[PDB]
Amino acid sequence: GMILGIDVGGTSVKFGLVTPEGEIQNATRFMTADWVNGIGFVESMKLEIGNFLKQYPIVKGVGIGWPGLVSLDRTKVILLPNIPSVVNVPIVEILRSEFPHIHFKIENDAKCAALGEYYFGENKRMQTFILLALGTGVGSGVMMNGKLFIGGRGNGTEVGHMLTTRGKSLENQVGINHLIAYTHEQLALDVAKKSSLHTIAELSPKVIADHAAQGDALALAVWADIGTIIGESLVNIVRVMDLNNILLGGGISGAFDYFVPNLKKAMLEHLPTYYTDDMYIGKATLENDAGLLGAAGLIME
């Protein structure tokens, strides 16, 4: 049957009815600014959830992905760095008491995205891999021997906050806003104005990728440096986890061809053949839908 998947986010909140083949029906995008500025975030899980089950009375399950830390028993929302609300909330118990005929499940949103790729992606059922979602923040989810990796205390693989060889965190080096700021820094150093990016009104990963495709030396060098940084953090993840299947998602993944060569180079430079001989670096094809699909996927398990 149809399952309601919810992907809770910092800028937008997403609802969708998921089919067993991974199709999203009646995709509704809200919020988050509009939700916080008004009746509140929790008042807005109950209002928009209630409106969905009324429309689809056959729905028996609701899976929700959360953009932060969740409790080990998967009943509470600990903290969201983009949404200061929801602390120690037994959401599974309160929704089960309200809707006793419906089964509820919660998980971290980056972990949901890995589960989404595992059930519905172009590498579905791949047993052991990491999904790196390279956006404004760096999110990650890991499947290990066909099971979602949650870590010792339930909130594992927070790789965006790992320290780099520069001392700064991974997401403060490769996150979308930091990539744009670094590109502007390199354009400022380009005193001869050789680069073609100087014309554009507002930089974005897509624009920097489009100019790299044309052969712009500056745009290609930016993605090559981003690639080395991602590769250096993947060396550390691989040494700790012993996995060598990598899926790359998020807004920056559109520039896959321009940053993956240096990413692969960094991995070959620092890792022995034990890891690199059968290593795979693929593109995450579900894009921004993986989180919602994975959230619904919780109910399927």
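For every residue, the number given is its place in the sequence shown, counted from 1.
Averaged over Cα atoms, the B-factor as recorded in the entry is higher for 21 to 29 than for the other of 21 to 29 and 283 to 291. The mean C-alpha temperature factor is higher for 34 to 42 when 34 to 42 and 243 to 251 are set side by side. By the numbers in the PDB entry, the CA B factor is greatest at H101 among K124, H101, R74, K111. Within the listed group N172, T128, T228, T199, the record reports its top CA B-factor for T199. Among the modelled residues of the chain, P261 sits in the middle third by CA temperature factor in this PDB entry. The entry lists a Cα temperature factor for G65 that places it in the lowest third of the chain's modelled residues. Annotation for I58: C-alpha temperature factor in the highest third relative to the rest of the modelled chain, per the entry. The entry lists a Cα temperature factor for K105 that places it in the middle third of the chain's modelled residues.
In this PDB entry, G167 carries a Cα temperature factor that places it within the highest third of its chain's modelled residues.
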